[PDB]
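Working notes for the structure below.
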Amino acid sequence: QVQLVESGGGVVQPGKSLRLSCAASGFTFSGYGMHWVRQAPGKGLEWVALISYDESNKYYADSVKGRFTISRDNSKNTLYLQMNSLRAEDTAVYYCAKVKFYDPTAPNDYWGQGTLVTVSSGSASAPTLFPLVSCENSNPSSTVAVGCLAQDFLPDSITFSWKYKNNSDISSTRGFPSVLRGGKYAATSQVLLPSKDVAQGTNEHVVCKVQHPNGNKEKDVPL
Amino acid sequence: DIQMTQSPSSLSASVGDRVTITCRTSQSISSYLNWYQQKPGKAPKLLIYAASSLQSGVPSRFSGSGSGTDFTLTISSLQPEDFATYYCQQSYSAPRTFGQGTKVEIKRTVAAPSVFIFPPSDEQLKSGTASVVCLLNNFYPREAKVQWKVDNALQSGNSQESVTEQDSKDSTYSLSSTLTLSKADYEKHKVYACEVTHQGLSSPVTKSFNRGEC
């Protein structure tokens with residue numbers, strides 16, 4: 001089937017440059033125009049640029065005009081997007097989209113998976129975990145809530161995991177989206193444990209684990 | 001630039017309901033409006049182009065109409081898979097513009113949030129920063145207002161919210177607000193209050209603690 005695969009995304013500081021690739025397959029790449037559409041984290045879709053099948057016409061969104069540059073290699077069936085003078089504003093998932101037919105108004109019928117382009121002045125780092133224990137514990141509830149605070153990480157690619165003291169997975173986990181705390185991200189996780197006597201006893205604590213490209217870390221959260 | 005205005009921002013509906021999303025443009029785009037559907041973590045899918053032409057494979061329960069400046073998307077009868085975010089796009093002029101999106105969420109019964117407050121770990125305090133965390137669990141609708149009151153003084157600018165996606169099992173949401181202060185500022189305050197006001201609470205519930213009582 002028609003497959004489009006972007007690549008080239010990464011963590012980069014402002015002023016720097018990056019170059020995306022979109023490998024097309026399953027269709028006559030050379031016969032269609034291609035578009036680059038970005039989507040800022042938690043926001044709408046924003047059109048970046050387009051290039052005609054014959055490479056004659058190339059248009060860009062006002063915000064990227066002069067900084068980005070679109071191109072294609074009809075022989076390699078690859079579309080490119082050269083991103084220069086990256087600003088924090090450009091942080092987003094970049095999708096390359098094929099148009100449906102030979103017409104200026106043609107709809108983007110096939111989209112790629114996208115690449116995350118995180119532009120921050122902070123440096124990529126693994127999160128700093130801190131335990132979140134309810135003040136005086138959650139006694140007036142059938143479930144004591146302990147949490148885990150992951151902070152100062154970049155890029156926004158973390159996965160929380162919880163294991164009981166006996167090293168087995170915890171089902172009652174809540175994962176919250178990451179908030180941008182000045183260049184870096186911070187995220188929270190929460191576990192709801194049955195206070196009904198089994199609030200602790202033997203299990204003096206639980207284990208909070210986080211996955212991250214720059215380093216997986218864990219912490220013990222007291223019960 | 002052709003400004004696209006989409007309404008409503010979000011709409012609660014149940015399977016079987018007829019849905020109608022509207023998209024309006026600041027200037028005529030004469031029927032060249034496209035409708036895309038997007039689910040969390042996935043790429044947009046083309047549903048309708050040229051205001052009313054259905055893309056190959058798109059179910060017939062989807063239909064569009066309109067011209068010039070007012071277009072609408074109608075889902076004759078929502079199905080479980082139709083709950084997603086929908087965008088309208090204008091491919092009449094370059095730059096191509098998109099609507100802000102319309103999230104079609106599952107209609108659920110009102111639920112009061114289980115609020116919780118967590119004080120910063122000593123480890124974190126020793127390192128210079130204080131993160132007071134307030135987690136609201138399983139509530140509905142999404143409209144919940146958390147307010148930080150440090151010593152009964154309104155806090156603004158140092159709190160950050162994060163709402164989960166509508167829970168797959170119960171159609172509820174959860175929010176986490178984080179008030180971040182520097183160790184020094186934290187220590188010069190006793191009562192840390194998280195005032196939660198939600199459509200399912202007769203009165204604003206406040207969860208708090210006095211620095212050092214735990």
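Convention: chains lettered A, B, ... in structure tokens order; per-chain residue numbering from 1; ligands numbered from 1 as shown.
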Neighbour list for residue 133 of chain B as a ChimeraX atom specification, cut-off 9 Å, only C-alpha atoms, skip fewer than 3 positions in-chain: /A:132,149,188 /B:116-120,176-180,194
Write a file of the just-selected residues containing N, CA and C atoms, as a short mmCIF file (atom, residue, chain, number, x, y, z; two decimals), in the first residue's frame.
data_model
loop_
_atom_site.label_atom_id
_atom_site.label_comp_id
_atom_site.auth_asym_id
_atom_site.auth_seq_id
_atom_site.Cartn_x
_atom_site.Cartn_y
_atom_site.Cartn_z
N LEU A 132 6.20 11.32 45.05
CA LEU A 132 5.11 12.16 45.53
C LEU A 132 4.27 11.36 46.53
N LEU A 149 7.09 12.04 40.14
CA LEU A 149 7.32 13.25 39.38
C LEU A 149 8.61 13.13 38.60
N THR A 188 3.96 13.62 35.26
CA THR A 188 3.56 12.95 36.49
C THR A 188 2.89 11.61 36.25
N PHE B 116 -6.45 15.26 45.01
CA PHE B 116 -5.35 14.82 45.89
C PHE B 116 -4.25 15.87 45.87
N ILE B 117 -3.62 16.12 47.01
CA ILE B 117 -2.51 17.07 47.05
C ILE B 117 -1.28 16.36 47.61
N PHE B 118 -0.15 16.58 46.95
CA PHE B 118 1.11 15.98 47.32
C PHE B 118 2.12 17.08 47.51
N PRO B 119 2.83 17.06 48.64
CA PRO B 119 3.85 18.08 48.89
C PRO B 119 5.17 17.58 48.28
N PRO B 120 6.10 18.50 47.97
CA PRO B 120 7.39 18.12 47.38
C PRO B 120 8.23 17.22 48.26
N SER B 176 -3.70 17.02 36.29
CA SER B 176 -2.64 17.15 37.27
C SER B 176 -2.14 18.56 37.14
N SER B 177 -2.23 19.32 38.22
CA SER B 177 -1.74 20.69 38.22
C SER B 177 -0.51 20.69 39.12
N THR B 178 0.54 21.37 38.68
CA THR B 178 1.78 21.42 39.42
C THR B 178 2.18 22.86 39.69
N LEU B 179 2.34 23.19 40.96
CA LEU B 179 2.75 24.53 41.37
C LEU B 179 4.23 24.42 41.69
N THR B 180 5.06 25.11 40.93
CA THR B 180 6.49 25.06 41.15
C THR B 180 7.03 26.38 41.68
N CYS B 194 -5.17 23.78 47.06
CA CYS B 194 -5.56 23.49 45.70
C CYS B 194 -7.09 23.52 45.68
#
Please list as a tab-separated table (two decimals) with N, CA and C atoms, in the first residue's frame every residue within 6 Å of residue 172 of chain B, counting only C-alpha atoms and excluding residues in the same chain fewer than 4 positions away.
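The resulting file, around.tsv, is reproduced below:
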chain	number	residue	atom	x	y	z
B	138	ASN	N	-10.67	10.75	37.75
B	138	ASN	CA	-11.92	10.35	37.13
B	138	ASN	C	-13.13	11.29	37.16
B	139	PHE	N	-13.00	12.45	36.55
B	139	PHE	CA	-14.11	13.39	36.51
B	139	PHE	C	-14.66	13.56	35.11
B	140	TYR	N	-15.82	14.20	35.02
B	140	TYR	CA	-16.46	14.46	33.74
B	140	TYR	C	-17.54	15.47	34.03
B	166	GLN	N	-9.69	11.17	27.21
B	166	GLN	CA	-10.86	10.53	27.78
B	166	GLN	C	-10.62	9.03	27.99
B	167	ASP	N	-10.62	8.62	29.24
B	167	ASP	CA	-10.40	7.23	29.60
B	167	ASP	C	-11.27	6.26	28.81
Restrict the distance test to only C-alpha atoms, flag each residue of chain B within 7 Å of chain A, and return the flagged residues as a list in words.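 Close enough to count are residues 32, 34, 42, 43, 44, 46, 49, 91, 92, 95, 96, 97, 98, 100, 101, 117, 118, 119, 120, 121, 124, 160, 162, 163, 164, 176, 209 and 214 of chain B.
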Could those residues be written to a file, using N, CA and C atoms, as a PDB file, in the first residue's frame?
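Everything below was put into out_18.pdb:
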ATOM      1  N   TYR B  32     -13.768  24.400  -2.026  1.00  0.00           N
ATOM      2  CA  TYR B  32     -12.508  23.657  -1.882  1.00  0.00           C
ATOM      3  C   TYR B  32     -12.102  23.532  -0.420  1.00  0.00           C
ATOM      4  N   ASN B  34     -11.573  20.604   2.674  1.00  0.00           N
ATOM      5  CA  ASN B  34     -11.337  19.186   2.935  1.00  0.00           C
ATOM      6  C   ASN B  34     -11.516  18.880   4.430  1.00  0.00           C
ATOM      7  N   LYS B  42      -1.999   9.169  15.905  1.00  0.00           N
ATOM      8  CA  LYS B  42      -2.024   8.715  14.535  1.00  0.00           C
ATOM      9  C   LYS B  42      -2.054   9.902  13.597  1.00  0.00           C
ATOM     10  N   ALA B  43      -1.816   9.648  12.315  1.00  0.00           N
ATOM     11  CA  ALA B  43      -1.812  10.699  11.303  1.00  0.00           C
ATOM     12  C   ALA B  43      -3.235  11.019  10.858  1.00  0.00           C
ATOM     13  N   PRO B  44      -3.449  12.208  10.287  1.00  0.00           N
ATOM     14  CA  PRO B  44      -4.790  12.570   9.831  1.00  0.00           C
ATOM     15  C   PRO B  44      -5.198  11.677   8.674  1.00  0.00           C
ATOM     16  N   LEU B  46      -7.950  11.438   5.300  1.00  0.00           N
ATOM     17  CA  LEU B  46      -8.829  12.250   4.459  1.00  0.00           C
ATOM     18  C   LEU B  46     -10.200  11.616   4.442  1.00  0.00           C
ATOM     19  N   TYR B  49     -13.359  15.665   0.453  1.00  0.00           N
ATOM     20  CA  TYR B  49     -12.669  16.728  -0.267  1.00  0.00           C
ATOM     21  C   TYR B  49     -13.678  17.472  -1.122  1.00  0.00           C
ATOM     22  N   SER B  91      -8.108  24.296   0.661  1.00  0.00           N
ATOM     23  CA  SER B  91      -7.061  24.092  -0.344  1.00  0.00           C
ATOM     24  C   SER B  91      -7.314  24.961  -1.572  1.00  0.00           C
ATOM     25  N   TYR B  92      -7.920  26.116  -1.334  1.00  0.00           N
ATOM     26  CA  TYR B  92      -8.264  27.071  -2.366  1.00  0.00           C
ATOM     27  C   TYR B  92      -7.084  27.990  -2.687  1.00  0.00           C
ATOM     28  N   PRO B  95      -1.086  30.008   1.514  1.00  0.00           N
ATOM     29  CA  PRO B  95      -0.925  28.801   2.320  1.00  0.00           C
ATOM     30  C   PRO B  95      -2.243  28.119   2.671  1.00  0.00           C
ATOM     31  N   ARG B  96      -2.207  26.793   2.681  1.00  0.00           N
ATOM     32  CA  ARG B  96      -3.366  26.000   3.033  1.00  0.00           C
ATOM     33  C   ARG B  96      -3.524  26.153   4.529  1.00  0.00           C
ATOM     34  N   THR B  97      -4.747  26.451   4.941  1.00  0.00           N
ATOM     35  CA  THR B  97      -5.053  26.662   6.338  1.00  0.00           C
ATOM     36  C   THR B  97      -5.966  25.578   6.868  1.00  0.00           C
ATOM     37  N   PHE B  98      -5.886  25.332   8.174  1.00  0.00           N
ATOM     38  CA  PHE B  98      -6.702  24.321   8.847  1.00  0.00           C
ATOM     39  C   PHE B  98      -7.530  24.941   9.959  1.00  0.00           C
ATOM     40  N   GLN B 100      -9.133  24.795  13.771  1.00  0.00           N
ATOM     41  CA  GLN B 100      -8.526  24.424  15.040  1.00  0.00           C
ATOM     42  C   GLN B 100      -8.879  23.019  15.510  1.00  0.00           C
ATOM     43  N   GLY B 101      -9.841  22.391  14.849  1.00  0.00           N
ATOM     44  CA  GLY B 101     -10.244  21.055  15.249  1.00  0.00           C
ATOM     45  C   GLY B 101     -11.480  21.028  16.132  1.00  0.00           C
ATOM     46  N   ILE B 117      -3.618  16.121  47.006  1.00  0.00           N
ATOM     47  CA  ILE B 117      -2.506  17.070  47.048  1.00  0.00           C
ATOM     48  C   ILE B 117      -1.283  16.356  47.606  1.00  0.00           C
ATOM     49  N   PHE B 118      -0.152  16.583  46.953  1.00  0.00           N
ATOM     50  CA  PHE B 118       1.111  15.980  47.322  1.00  0.00           C
ATOM     51  C   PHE B 118       2.119  17.078  47.514  1.00  0.00           C
ATOM     52  N   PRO B 119       2.834  17.061  48.639  1.00  0.00           N
ATOM     53  CA  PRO B 119       3.851  18.080  48.893  1.00  0.00           C
ATOM     54  C   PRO B 119       5.174  17.581  48.281  1.00  0.00           C
ATOM     55  N   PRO B 120       6.103  18.501  47.973  1.00  0.00           N
ATOM     56  CA  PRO B 120       7.386  18.118  47.382  1.00  0.00           C
ATOM     57  C   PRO B 120       8.228  17.216  48.258  1.00  0.00           C
ATOM     58  N   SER B 121       8.927  16.279  47.633  1.00  0.00           N
ATOM     59  CA  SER B 121       9.799  15.370  48.358  1.00  0.00           C
ATOM     60  C   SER B 121      10.962  16.165  48.966  1.00  0.00           C
ATOM     61  N   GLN B 124      13.803  16.662  46.620  1.00  0.00           N
ATOM     62  CA  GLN B 124      13.601  17.759  45.700  1.00  0.00           C
ATOM     63  C   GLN B 124      13.823  19.096  46.388  1.00  0.00           C
ATOM     64  N   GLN B 160       1.024  24.468  36.312  1.00  0.00           N
ATOM     65  CA  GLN B 160       0.932  23.893  34.976  1.00  0.00           C
ATOM     66  C   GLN B 160       0.023  22.679  34.983  1.00  0.00           C
ATOM     67  N   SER B 162      -2.272  19.486  33.075  1.00  0.00           N
ATOM     68  CA  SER B 162      -2.116  18.454  32.068  1.00  0.00           C
ATOM     69  C   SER B 162      -3.330  17.524  32.177  1.00  0.00           C
ATOM     70  N   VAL B 163      -4.195  17.549  31.157  1.00  0.00           N
ATOM     71  CA  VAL B 163      -5.406  16.727  31.146  1.00  0.00           C
ATOM     72  C   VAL B 163      -5.188  15.499  30.303  1.00  0.00           C
ATOM     73  N   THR B 164      -5.555  14.340  30.836  1.00  0.00           N
ATOM     74  CA  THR B 164      -5.413  13.099  30.098  1.00  0.00           C
ATOM     75  C   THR B 164      -6.454  13.068  28.995  1.00  0.00           C
ATOM     76  N   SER B 176      -3.699  17.023  36.289  1.00  0.00           N
ATOM     77  CA  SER B 176      -2.641  17.149  37.266  1.00  0.00           C
ATOM     78  C   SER B 176      -2.141  18.562  37.138  1.00  0.00           C
ATOM     79  N   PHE B 209      -2.492  21.482  52.710  1.00  0.00           N
ATOM     80  CA  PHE B 209      -1.626  21.002  53.775  1.00  0.00           C
ATOM     81  C   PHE B 209      -0.828  22.189  54.281  1.00  0.00           C
ATOM     82  N   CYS B 214       3.275  17.096  57.710  1.00  0.00           N
ATOM     83  CA  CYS B 214       3.379  15.716  57.275  1.00  0.00           C
ATOM     84  C   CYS B 214       4.778  15.205  57.521  1.00  0.00           C
TER      85      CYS B 214
END
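The interatomic distance for the pair atom CA of residue 12 of chain B and atom CA of residue 109 of chain B works out to 10.7 Å.
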